[PDB]
There are 2 protein chains.
Amino acid sequence: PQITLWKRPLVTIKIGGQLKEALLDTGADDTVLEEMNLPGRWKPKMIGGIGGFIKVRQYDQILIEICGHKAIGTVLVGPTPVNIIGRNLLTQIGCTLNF
Amino acid sequence: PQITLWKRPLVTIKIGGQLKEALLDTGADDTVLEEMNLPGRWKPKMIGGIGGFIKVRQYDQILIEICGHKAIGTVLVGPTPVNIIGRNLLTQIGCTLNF
Ligand SMILES: CC[C@H](C)CN(C[C@@H](O)[C@H](Cc1ccccc1)NC(=O)O[C@H]1CO[C@H]2OCC[C@H]21)S(=O)(=O)c1ccc([C@@H](C)O)cc1
């Protein structure tokens, strides 16, 4: 698929048995999702952007399906205002920028 | 060009006659550069990111060349963690996501 950028590049993802809308975000190294109560062990982390840092929980080897494309990797969970698919998973679905 | 995402999508930009490095950021509506001197008038603005809101200087109709492609548009200047090129200019250079 080709996604133009006139509007936010939001897509449906599937994670932890839930469907959600998330940004395909080339500016994010890693993936950050809204607060959700996933099972398993996690590690605390702090991640920073415009405005400062938020506290998140780092979960490893999480399965996530992005527009029907399967991926597995680290997902950070916390009080982000938007679900953010970062490069750690975008590479796994073969996503490129083109101009 | 086609840019893969196993590394940060950093490119050279020219703005105000000066070269800088910036991140192509599909998760950003707007283009935000770290503190710099730019000619012309500006307006105070607020913008929100993952960690809260910051005060920026809004420069409108600014010439900026991104990886050899010209844009003219709004550039916000303020305490962003890194220089980001957002959708307002990515659309101008014809950038799409593809997978
Ligand atoms: C430092 C480089 C970037 C700033 C990094 N960010 C990605 C970036 O796309 C964010 C996404 C975003 C965030 C909040 C609300 C909308 C969109 N957009 C953003 O701040 O855009 C500004 C400018 O335009 C406006 O529209 C949207 C907001 C305004 S991040 O989220 O802070 C981030 C930090 C660390 C990690 C670790 C896990 O890797 C992962 C992500």
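Read-outs throughout are calculated quantities, based only on the coordinates presented, and are distinct from any laboratory measurement. Cβ: placed from backbone, ideal geometry, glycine included. Neighbour counts: every protein chain shown.
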(request) Need at least 1 residues that are farther than 17 Å from residue A:10 by Cα per element, so show me which strands (runs of 3 or more DSSP E) inside the stretch A:27-99 make the cut, counting only ones lying wholly within it. (result) A:43-49, A:52-66, A:69-77, A:96-98
(message) Is it the case, given these coordinates, that residue B:40 is on the phi > 0 side of the Ramachandran plot, away from the ligand (no atom under 11 Å from the Cβ), of a type in the set (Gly, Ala, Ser) and out of contact with any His (no Cβ under 7 Å at 6 or more places or on another chain)?
(response) yes
(request) Within the stretch A:12-41, track down each residue that is over 26 Å from residue B:81 (Cα atoms) and either in contact with a strand residue (DSSP E or B) (Cβ under 8 Å, 6 or more places away or on another chain) or charged (D, E, K, R) (or both). (result) A:12, A:13, A:14, A:15, A:16, A:19, A:20, A:36, A:38, A:40, A:41
(message) Considering only residues that are within 13 Å of chain B (Cβ to nearest Cβ) and either in a loop (DSSP other than H, G, I, E, B) or β-branched (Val, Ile, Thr) (or both), which ones fall in the stretch A:1-13?
(response) A:1, A:3, A:4, A:5, A:6, A:7, A:8, A:9, A:11
(request) Looking at (1) surrounded by fewer than 22 Cβ atoms within 10 Å (Cβ to Cβ); (2) away from the ligand (no atom under 11 Å from the Cβ), find the lone condition where residue B:95 falls short. (result) (1)
(request) Could you please let me know if residue A:16 is more than 8 Å from every other protein chain (Cβ to nearest Cβ), at positive phi and crowded, with 16+ Cβ neighbours inside 10 Å? (result) yes
(request) Within the stretch A:50-81, work out how many residues are in contact with a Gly (Cβ under 8 Å, 6 or more places away or on another chain) and closer than 26 Å to residue B:93 by Cα. (result) 1
(request) Scan A:55, A:45 and give me the residue that is under 30 Å from residue B:78 (Cβ atoms) and either of a type in the set (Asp, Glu) or within 11 Å of the ligand (Cβ to nearest atom) (or both). (result) A:45
(message) Looking at the stretch B:24-47, I want the residues that are within 14 Å of chain A (Cβ to nearest Cβ) and of a type in the set (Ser, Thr, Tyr) and have a partner that is in a loop (DSSP other than H, G, I, E, B) and surrounded by 11 or more Cβ atoms within 10 Å (Cβ to Cβ) with Cβ atoms under 7 Å, at least 6 apart or on another chain. Which pairs are those?
(response) B:26/A:5; B:26/A:9; B:26/A:25; B:26/A:26; B:26/A:27; B:31/B:86
(message) Tell me whether the stretch A:15-37 contains one or more residues that are of a type in the set (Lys, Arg) and either in contact with a helix residue (DSSP H, G or I) (Cβ under 6 Å, 6 or more places away or on another chain) or more than 16 Å from the ligand (Cβ to nearest atom) (or both).
(response) no
(message) When you scan the stretch A:26-44, do you find a residue that is closer than 29 Å to residue B:94 by Cβ and among the aromatic types (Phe, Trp, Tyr), even just one?
(response) no
(request) Considering only residues that are within 12 Å of chain B (Cβ to nearest Cβ) and at negative phi, look in the stretch A:63-77 and name the one that is farthest from the ligand (Cβ to nearest atom). (result) A:69
